[PDB]
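One structure is given here, and the rest of the page talks about it.
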Amino acid sequence: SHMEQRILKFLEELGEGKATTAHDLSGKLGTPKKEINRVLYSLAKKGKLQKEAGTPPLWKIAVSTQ
Amino acid sequence: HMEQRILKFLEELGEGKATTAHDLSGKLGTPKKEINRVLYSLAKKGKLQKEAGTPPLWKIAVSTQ
Amino acid sequence: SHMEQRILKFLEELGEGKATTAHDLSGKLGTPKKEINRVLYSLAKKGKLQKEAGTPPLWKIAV
Amino acid sequence: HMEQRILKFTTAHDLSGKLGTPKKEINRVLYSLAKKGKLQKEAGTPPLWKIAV
DNA sequence: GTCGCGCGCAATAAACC
DNA sequence: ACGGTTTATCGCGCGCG
């Protein structure tokens with residue numbers, strides 16, 4: 001499952017403290033938004049990503065938790 | 001191309017019986033995003049008829065004149 | 001519940017059996033149509049409003 | 001008429017036997033009534049429910 | 001076994017003013 | 001040398017086995 005590696009790679013190259021939407025990830029990475037959101041919610045559960053509230057939700061690399 | 005594939009499948013089901021987009025996405029091997037995108041367009045062109053529900057049911061358009 | 005009151009008041013200011021569109025509510029309140037529809041459809045599931053399917057949908061006070 | 005009976009009577013799973021209703025229809029009225037302010041969802045596995053006074 | 005989901009929605013077309 | 005902006009059931013939050 002190298003879909004996790006490319007998303008974390010994309011959020012790293014986006015910049016410091018930068019966030020983006022799941023619809024934007026589906027467009028750039030060329031991956032259906034269905035698989036994207038399934039991985040995004042999974043990476044936030046692993047603690048590697050954090051979800052900013054909003055519609056749609058914004059996603060960035062987690063900074064706070066251990 | 002994808003539309004007639006959905007239409008052809010709804011023929012071999014017996015007139016009266018319907019199906020869901022989730023059921024179509026598996027049989028035709030197509031993501032449900034494209035399935036629903038074609039289904040809603042076939043009902044707007046009069047080719048199909050939508051029975052709204054949870055989830056909605058789709059069948060051949062029935063004339064009502 | 002603040003934008004909900006602005007919409008509910010207007011639908012009450014306007015006729016006691018009348019309806020209106022989200023576009024009409026958008027201009028008469030200086031609020032984008034996206035924010036209006038967010039409140040309109042939310043009020044429908046709460047049973048506060050009644051929606052008439054159409055182009056565009058019509059919204060009126062329910063009981 | 002489910003919205004009326006769901007108030008007179010926990011988990012949505014537990015409500016499937018007390019009323020003989022599928023869990024899909026119970027969670028429907030639960031999240032709907034919770035958006036009407038009358039319910040409140042607890043963080044359980046499965047989640048827990050209770051009437052909000 | 002969390003799940004309530006109805007979703008098609010624009011990497012659009014068409015219509016408006 | 002050139003039609004920008006809004007609509008559409010357009011509300012969408014959806015990840016669901």
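Chain identifiers are assigned as A, B, and so on, following the order in which chains appear in the structure tokens; residues are numbered from 1 within each chain, and ligands are numbered from 1 in order of appearance.
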
Could you list, as an mmCIF file with C-alpha atoms, in the first residue's frame, every residue of chain A that has an atom within 6 Å of an atom of chain F, counting only C-alpha atoms (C1' of nucleotides)?
```cif
data_model
loop_
_atom_site.group_PDB
_atom_site.id
_atom_site.type_symbol
_atom_site.label_atom_id
_atom_site.label_comp_id
_atom_site.auth_asym_id
_atom_site.auth_seq_id
_atom_site.Cartn_x
_atom_site.Cartn_y
_atom_site.Cartn_z
ATOM 1 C CA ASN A 37 -10.537 9.578 2.052
ATOM 2 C CA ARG A 38 -10.281 5.952 3.180
ATOM 3 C CA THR A 55 -16.444 21.497 4.876
#
```

What are the DSSP strand (DSSP E) residues of chain D, as a PyMOL selection string? chain D and resi 39-42+48-51

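Every residue of chain C that lies within 12 Å of chain A is listed here, counting only C-alpha atoms: residues 34, 35 and 38 of chain C.
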
Just to be explicit: take each residue in the selection above, keep C-alpha atoms, and write the result as a PDB file, in the first residue's frame.
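Output (again12.pdb):
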```pdb
ATOM      1  CA  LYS C  34     -24.172  28.164  -0.337  1.00  0.00           C
ATOM      2  CA  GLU C  35     -24.716  29.405   3.223  1.00  0.00           C
ATOM      3  CA  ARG C  38     -26.738  24.881   4.235  1.00  0.00           C
TER       4      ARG C  38
END
```

With a distance cut-off of 9 Å and only C-alpha atoms (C1' of nucleotides), select the neighbouring residues of segment 2-8 of chain A, excluding the residue or stretch itself and same-chain residues fewer than 4 positions from it, and output the selection as number ranges by chain. A: 12-13, 25, 29, 31, 35-36, 39-40, 43, 48-49, 60-61

Take the residues that were just selected and, keeping N, CA, C and O atoms, output them as a PDB file, in the first residue's frame.
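Contents of result_2.pdb, freshly written:
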```pdb
ATOM      1  N   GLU A  12       4.179  16.828   2.747  1.00  0.00           N
ATOM      2  CA  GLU A  12       5.503  17.336   3.091  1.00  0.00           C
ATOM      3  C   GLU A  12       5.957  18.393   2.092  1.00  0.00           C
ATOM      4  O   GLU A  12       6.414  19.474   2.480  1.00  0.00           O
ATOM      5  N   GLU A  13       5.833  18.099   0.797  1.00  0.00           N
ATOM      6  CA  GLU A  13       6.253  19.041  -0.231  1.00  0.00           C
ATOM      7  C   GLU A  13       5.323  20.240  -0.351  1.00  0.00           C
ATOM      8  O   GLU A  13       5.661  21.192  -1.064  1.00  0.00           O
ATOM      9  N   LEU A  25      -6.357  16.336  -3.397  1.00  0.00           N
ATOM     10  CA  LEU A  25      -5.468  15.179  -3.457  1.00  0.00           C
ATOM     11  C   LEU A  25      -5.868  14.237  -4.583  1.00  0.00           C
ATOM     12  O   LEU A  25      -5.006  13.670  -5.266  1.00  0.00           O
ATOM     13  N   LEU A  29      -2.782  13.767  -7.388  1.00  0.00           N
ATOM     14  CA  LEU A  29      -2.196  12.433  -7.342  1.00  0.00           C
ATOM     15  C   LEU A  29      -2.820  11.467  -8.342  1.00  0.00           C
ATOM     16  O   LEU A  29      -2.277  10.374  -8.537  1.00  0.00           O
ATOM     17  N   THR A  31      -5.773   9.814  -8.178  1.00  0.00           N
ATOM     18  CA  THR A  31      -6.334   8.691  -7.446  1.00  0.00           C
ATOM     19  C   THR A  31      -7.779   9.003  -7.093  1.00  0.00           C
ATOM     20  O   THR A  31      -8.085  10.129  -6.684  1.00  0.00           O
ATOM     21  N   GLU A  35     -10.691   6.092  -2.451  1.00  0.00           N
ATOM     22  CA  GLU A  35      -9.515   5.525  -1.801  1.00  0.00           C
ATOM     23  C   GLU A  35      -8.761   6.575  -0.994  1.00  0.00           C
ATOM     24  O   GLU A  35      -8.163   6.251   0.038  1.00  0.00           O
ATOM     25  N   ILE A  36      -8.793   7.834  -1.436  1.00  0.00           N
ATOM     26  CA  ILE A  36      -8.056   8.894  -0.750  1.00  0.00           C
ATOM     27  C   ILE A  36      -8.614   9.107   0.653  1.00  0.00           C
ATOM     28  O   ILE A  36      -7.880   9.066   1.646  1.00  0.00           O
ATOM     29  N   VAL A  39      -7.894   6.462   3.115  1.00  0.00           N
ATOM     30  CA  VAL A  39      -6.539   6.494   3.654  1.00  0.00           C
ATOM     31  C   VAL A  39      -6.348   7.697   4.569  1.00  0.00           C
ATOM     32  O   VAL A  39      -5.670   7.603   5.599  1.00  0.00           O
ATOM     33  N   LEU A  40      -6.942   8.841   4.214  1.00  0.00           N
ATOM     34  CA  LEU A  40      -6.802  10.041   5.034  1.00  0.00           C
ATOM     35  C   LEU A  40      -7.333   9.810   6.444  1.00  0.00           C
ATOM     36  O   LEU A  40      -6.649  10.099   7.433  1.00  0.00           O
ATOM     37  N   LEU A  43      -4.871   7.523   8.243  1.00  0.00           N
ATOM     38  CA  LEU A  43      -3.624   8.133   8.694  1.00  0.00           C
ATOM     39  C   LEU A  43      -3.844   9.047   9.893  1.00  0.00           C
ATOM     40  O   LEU A  43      -2.944   9.196  10.727  1.00  0.00           O
ATOM     41  N   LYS A  48      -0.552  10.120  12.414  1.00  0.00           N
ATOM     42  CA  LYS A  48       0.404  10.768  11.527  1.00  0.00           C
ATOM     43  C   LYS A  48      -0.178  11.998  10.841  1.00  0.00           C
ATOM     44  O   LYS A  48       0.584  12.871  10.410  1.00  0.00           O
ATOM     45  N   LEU A  49      -1.501  12.088  10.735  1.00  0.00           N
ATOM     46  CA  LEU A  49      -2.176  13.257  10.193  1.00  0.00           C
ATOM     47  C   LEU A  49      -3.165  13.796  11.216  1.00  0.00           C
ATOM     48  O   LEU A  49      -3.611  13.083  12.119  1.00  0.00           O
ATOM     49  N   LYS A  60      -3.523  17.941   7.191  1.00  0.00           N
ATOM     50  CA  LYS A  60      -2.119  18.309   7.286  1.00  0.00           C
ATOM     51  C   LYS A  60      -1.410  17.287   8.164  1.00  0.00           C
ATOM     52  O   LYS A  60      -2.045  16.465   8.833  1.00  0.00           O
ATOM     53  N   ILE A  61      -0.079  17.344   8.154  1.00  0.00           N
ATOM     54  CA  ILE A  61       0.711  16.394   8.927  1.00  0.00           C
ATOM     55  C   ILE A  61       0.637  16.755  10.404  1.00  0.00           C
ATOM     56  O   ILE A  61       0.842  17.914  10.792  1.00  0.00           O
TER      57      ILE A  61
END
```

Give me, as a JSON list (two decimals) with N, CA, C and O atoms, in the first residue's frame, the residues of chain C that a backbone DSSP run labels alpha helix (DSSP H).
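The resulting file, selection_18.json, is reproduced below:
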```json
[["chain", "number", "residue", "atom", "x", "y", "z"],
["C", 2, "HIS", "N", -28.60, 31.68, 14.44],
["C", 2, "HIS", "CA", -28.69, 33.10, 14.11],
["C", 2, "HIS", "C", -29.09, 33.30, 12.65],
["C", 2, "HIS", "O", -29.99, 34.09, 12.35],
["C", 3, "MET", "N", -28.42, 32.59, 11.74],
["C", 3, "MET", "CA", -28.85, 32.60, 10.34],
["C", 3, "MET", "C", -30.15, 31.84, 10.16],
["C", 3, "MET", "O", -30.93, 32.15, 9.25],
["C", 4, "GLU", "N", -30.41, 30.84, 11.01],
["C", 4, "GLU", "CA", -31.69, 30.15, 10.97],
["C", 4, "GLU", "C", -32.83, 31.09, 11.31],
["C", 4, "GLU", "O", -33.90, 31.04, 10.69],
["C", 5, "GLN", "N", -32.63, 31.98, 12.29],
["C", 5, "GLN", "CA", -33.67, 32.94, 12.65],
["C", 5, "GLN", "C", -33.88, 33.96, 11.55],
["C", 5, "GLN", "O", -35.02, 34.37, 11.29],
["C", 6, "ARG", "N", -32.80, 34.40, 10.89],
["C", 6, "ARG", "CA", -32.94, 35.35, 9.79],
["C", 6, "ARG", "C", -33.77, 34.76, 8.66],
["C", 6, "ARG", "O", -34.58, 35.46, 8.04],
["C", 7, "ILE", "N", -33.59, 33.47, 8.38],
["C", 7, "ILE", "CA", -34.37, 32.83, 7.32],
["C", 7, "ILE", "C", -35.79, 32.56, 7.80],
["C", 7, "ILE", "O", -36.76, 32.82, 7.07],
["C", 8, "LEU", "N", -35.94, 32.05, 9.02],
["C", 8, "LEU", "CA", -37.27, 31.74, 9.54],
["C", 8, "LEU", "C", -38.12, 32.99, 9.70],
["C", 8, "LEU", "O", -39.33, 32.96, 9.44],
["C", 9, "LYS", "N", -37.52, 34.10, 10.13],
["C", 9, "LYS", "CA", -38.26, 35.35, 10.24],
["C", 9, "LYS", "C", -38.77, 35.79, 8.88],
["C", 9, "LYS", "O", -39.94, 36.14, 8.72],
["C", 10, "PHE", "N", -37.89, 35.77, 7.86],
["C", 10, "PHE", "CA", -38.28, 36.23, 6.54],
["C", 10, "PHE", "C", -39.42, 35.40, 5.97],
["C", 10, "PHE", "O", -40.40, 35.95, 5.45],
["C", 11, "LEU", "N", -39.31, 34.07, 6.05],
["C", 11, "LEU", "CA", -40.39, 33.21, 5.60],
["C", 11, "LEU", "C", -41.67, 33.44, 6.39],
["C", 11, "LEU", "O", -42.75, 33.07, 5.92],
["C", 12, "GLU", "N", -41.58, 34.05, 7.57],
["C", 12, "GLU", "CA", -42.75, 34.47, 8.32],
["C", 12, "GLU", "C", -43.18, 35.88, 7.95],
["C", 12, "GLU", "O", -44.39, 36.17, 7.90],
["C", 13, "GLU", "N", -42.22, 36.78, 7.71],
["C", 13, "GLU", "CA", -42.55, 38.11, 7.21],
["C", 13, "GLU", "C", -43.29, 38.01, 5.89],
["C", 13, "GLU", "O", -44.40, 38.53, 5.73],
["C", 22, "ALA", "N", -33.93, 29.67, -2.56],
["C", 22, "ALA", "CA", -32.67, 30.00, -1.92],
["C", 22, "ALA", "C", -32.00, 31.19, -2.58],
["C", 22, "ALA", "O", -31.34, 31.99, -1.91],
["C", 23, "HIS", "N", -32.16, 31.33, -3.90],
["C", 23, "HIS", "CA", -31.64, 32.51, -4.59],
["C", 23, "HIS", "C", -32.31, 33.78, -4.09],
["C", 23, "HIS", "O", -31.64, 34.80, -3.90],
["C", 24, "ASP", "N", -33.62, 33.73, -3.87],
["C", 24, "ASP", "CA", -34.33, 34.90, -3.35],
["C", 24, "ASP", "C", -33.85, 35.24, -1.94],
["C", 24, "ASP", "O", -33.68, 36.42, -1.60],
["C", 25, "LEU", "N", -33.63, 34.22, -1.11],
["C", 25, "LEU", "CA", -33.12, 34.45, 0.24],
["C", 25, "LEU", "C", -31.69, 34.98, 0.22],
["C", 25, "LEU", "O", -31.28, 35.70, 1.13],
["C", 26, "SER", "N", -30.91, 34.62, -0.81],
["C", 26, "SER", "CA", -29.51, 35.03, -0.86],
["C", 26, "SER", "C", -29.39, 36.53, -1.07],
["C", 26, "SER", "O", -28.61, 37.20, -0.37],
["C", 27, "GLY", "N", -30.13, 37.08, -2.02],
["C", 27, "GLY", "CA", -30.02, 38.51, -2.30],
["C", 27, "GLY", "C", -30.64, 39.37, -1.22],
["C", 27, "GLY", "O", -30.09, 40.40, -0.84],
["C", 33, "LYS", "N", -25.47, 31.90, -1.69],
["C", 33, "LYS", "CA", -26.46, 30.83, -1.81],
["C", 33, "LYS", "C", -26.00, 29.56, -1.12],
["C", 33, "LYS", "O", -26.82, 28.74, -0.70],
["C", 34, "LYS", "N", -24.68, 29.36, -0.99],
["C", 34, "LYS", "CA", -24.17, 28.16, -0.34],
["C", 34, "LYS", "C", -24.51, 28.17, 1.15],
["C", 34, "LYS", "O", -24.90, 27.13, 1.71],
["C", 35, "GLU", "N", -24.38, 29.32, 1.81],
["C", 35, "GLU", "CA", -24.72, 29.41, 3.22],
["C", 35, "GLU", "C", -26.22, 29.29, 3.45],
["C", 35, "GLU", "O", -26.65, 28.73, 4.47],
["C", 36, "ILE", "N", -27.02, 29.79, 2.52],
["C", 36, "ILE", "CA", -28.47, 29.70, 2.66],
["C", 36, "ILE", "C", -28.93, 28.26, 2.54],
["C", 36, "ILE", "O", -29.71, 27.76, 3.37],
["C", 37, "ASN", "N", -28.46, 27.55, 1.51],
["C", 37, "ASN", "CA", -28.84, 26.16, 1.33],
["C", 37, "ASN", "C", -28.34, 25.27, 2.46],
["C", 37, "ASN", "O", -28.97, 24.26, 2.78],
["C", 38, "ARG", "N", -27.21, 25.63, 3.07],
["C", 38, "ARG", "CA", -26.74, 24.88, 4.24],
["C", 38, "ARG", "C", -27.73, 24.97, 5.38],
["C", 38, "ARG", "O", -27.93, 23.99, 6.12],
["C", 39, "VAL", "N", -28.37, 26.13, 5.55],
["C", 39, "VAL", "CA", -29.34, 26.30, 6.63],
["C", 39, "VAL", "C", -30.71, 25.77, 6.21],
["C", 39, "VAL", "O", -31.43, 25.19, 7.03],
["C", 40, "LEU", "N", -31.08, 25.96, 4.94],
["C", 40, "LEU", "CA", -32.39, 25.52, 4.48],
["C", 40, "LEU", "C", -32.55, 24.01, 4.60],
["C", 40, "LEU", "O", -33.51, 23.52, 5.21],
["C", 41, "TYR", "N", -31.61, 23.25, 4.03],
["C", 41, "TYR", "CA", -31.70, 21.80, 4.09],
["C", 41, "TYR", "C", -31.53, 21.28, 5.51],
["C", 41, "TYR", "O", -32.10, 20.24, 5.86],
["C", 42, "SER", "N", -30.75, 21.97, 6.34],
["C", 42, "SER", "CA", -30.63, 21.58, 7.74],
["C", 42, "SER", "C", -31.96, 21.76, 8.46],
["C", 42, "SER", "O", -32.33, 20.92, 9.30],
["C", 43, "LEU", "N", -32.68, 22.83, 8.15],
["C", 43, "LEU", "CA", -33.99, 23.05, 8.77],
["C", 43, "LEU", "C", -35.02, 22.03, 8.30],
["C", 43, "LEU", "O", -35.97, 21.74, 9.02],
["C", 44, "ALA", "N", -34.84, 21.48, 7.09],
["C", 44, "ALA", "CA", -35.78, 20.49, 6.59],
["C", 44, "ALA", "C", -35.67, 19.19, 7.37],
["C", 44, "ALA", "O", -36.68, 18.60, 7.77],
["C", 45, "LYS", "N", -34.44, 18.72, 7.60],
["C", 45, "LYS", "CA", -34.25, 17.50, 8.39],
["C", 45, "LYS", "C", -34.69, 17.70, 9.83],
["C", 45, "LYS", "O", -35.13, 16.74, 10.48]]
```

Excluding residue 2 of chain E and its own-chain neighbours fewer than 4 positions away, which residues fall within 9 Å of it when counting only C-alpha atoms (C1' of nucleotides)? Please give them as a compact mmCIF listing (two decimals) with C-alpha atoms, in the first residue's frame.
```txt
# COMPACT_ATOMS: atom_id res chain seq x y z
CA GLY D 44 -18.66 4.14 22.63
CA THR D 45 -17.92 1.06 20.55
CA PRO D 46 -20.64 0.84 19.45
CA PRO D 47 -21.62 4.41 20.43
```

Can I get the residues of chain D within 12 Å of chain B, each with the closest pair of atoms and their distance in Å to one decimal, using only C-alpha atoms, sorted chain first then ascending number, as JSON lines?
```
{"residue": "D:24", "atom": "CA", "partner": "B:54", "partner_atom": "CA", "distance": 10.2}
{"residue": "D:25", "atom": "CA", "partner": "B:54", "partner_atom": "CA", "distance": 10.3}
{"residue": "D:28", "atom": "CA", "partner": "B:54", "partner_atom": "CA", "distance": 10.8}
```

Pull C-alpha atoms from the residues just selected and write them as an mmCIF file, in the first residue's frame.
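Wrote again-v3.cif, looks like this:
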```cif
data_model
loop_
_atom_site.group_PDB
_atom_site.id
_atom_site.type_symbol
_atom_site.label_atom_id
_atom_site.label_comp_id
_atom_site.auth_asym_id
_atom_site.auth_seq_id
_atom_site.Cartn_x
_atom_site.Cartn_y
_atom_site.Cartn_z
ATOM 1 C CA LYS D 24 -30.148 0.724 9.865
ATOM 2 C CA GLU D 25 -33.544 2.302 10.588
ATOM 3 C CA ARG D 28 -31.425 6.749 11.110
#
```

List the spatial neighbours of residue 27 of chain A as a list in words - criterion: any atom at most 12 Å away, only C-alpha atoms (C1' of nucleotides), same-chain residues fewer than 5 positions off excluded. residues 20, 21, 22, 32, 33 and 36 of chain A; 10 and 11 of chain E

Within 12 Å of chain F: each chain B residue with its shortest pair, only C-alpha atoms (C1' of nucleotides), as a Markdown table:
```
| residue | atom | partner | partner_atom | distance |
| --- | --- | --- | --- | --- |
| B:22 | CA | F:16 | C1' | 11.9 |
| B:40 | CA | F:9 | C1' | 11.3 |
| B:44 | CA | F:9 | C1' | 11.9 |
```

Residues of chain E that have any atom at most 9 Å from an atom of chain B: could you tabulate them with the shortest-distance atom pair and the distance in Å to one decimal, using only C-alpha atoms (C1' of nucleotides), ordered by chain and increasing number, as a tab-separated table?
```
residue	atom	partner	partner_atom	distance
E:5	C1'	B:54	CA	8.5
E:6	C1'	B:54	CA	5.8
E:7	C1'	B:33	CA	8.5
E:8	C1'	B:37	CA	4.5
```

Need to verify the contact set: segment 37-39 of chain D, 9 Å, only C-alpha atoms (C1' of nucleotides), exclusion of same-chain residues closer than 6 positions in sequence. Can you return it as a tab-separated table (two decimals) with N, CA, C and O atoms, in the first residue's frame?
```tsv
chain	number	residue	atom	x	y	z
C	46	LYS	N	-34.58	18.92	10.35
C	46	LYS	CA	-35.12	19.24	11.67
C	46	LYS	C	-36.63	19.34	11.67
C	46	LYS	O	-37.21	19.58	12.74
D	30	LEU	N	-31.98	7.95	15.20
D	30	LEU	CA	-31.14	8.45	16.28
D	30	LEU	C	-30.34	9.67	15.84
D	30	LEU	O	-30.37	10.71	16.50
D	31	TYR	N	-29.61	9.55	14.73
D	31	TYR	CA	-28.85	10.70	14.23
D	31	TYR	C	-29.78	11.82	13.77
D	31	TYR	O	-29.38	12.99	13.80
D	49	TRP	N	-26.25	6.14	23.48
D	49	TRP	CA	-27.25	7.17	23.27
D	49	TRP	C	-28.04	7.41	24.55
D	49	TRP	O	-28.19	6.51	25.38
D	50	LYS	N	-28.55	8.63	24.69
D	50	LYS	CA	-29.39	8.99	25.82
D	50	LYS	C	-30.14	10.28	25.50
D	50	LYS	O	-29.63	11.14	24.78
D	51	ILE	N	-31.35	10.39	26.05
D	51	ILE	CA	-32.17	11.58	25.85
D	51	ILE	C	-31.52	12.76	26.56
D	51	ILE	O	-31.12	12.67	27.72
D	52	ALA	N	-31.42	13.89	25.85
D	52	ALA	CA	-30.87	15.12	26.42
D	52	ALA	C	-32.01	15.94	27.02
D	52	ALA	O	-32.93	16.35	26.31
D	53	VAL	N	-31.93	16.18	28.33
D	53	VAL	CA	-32.97	16.92	29.03
D	53	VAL	C	-32.89	18.41	28.68
D	53	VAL	O	-31.80	18.95	28.50
```

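Using only C-alpha atoms, the nearest neighbour of residue 25 of chain B within the list B:5, B:65, B:48, B:12 is B:5.
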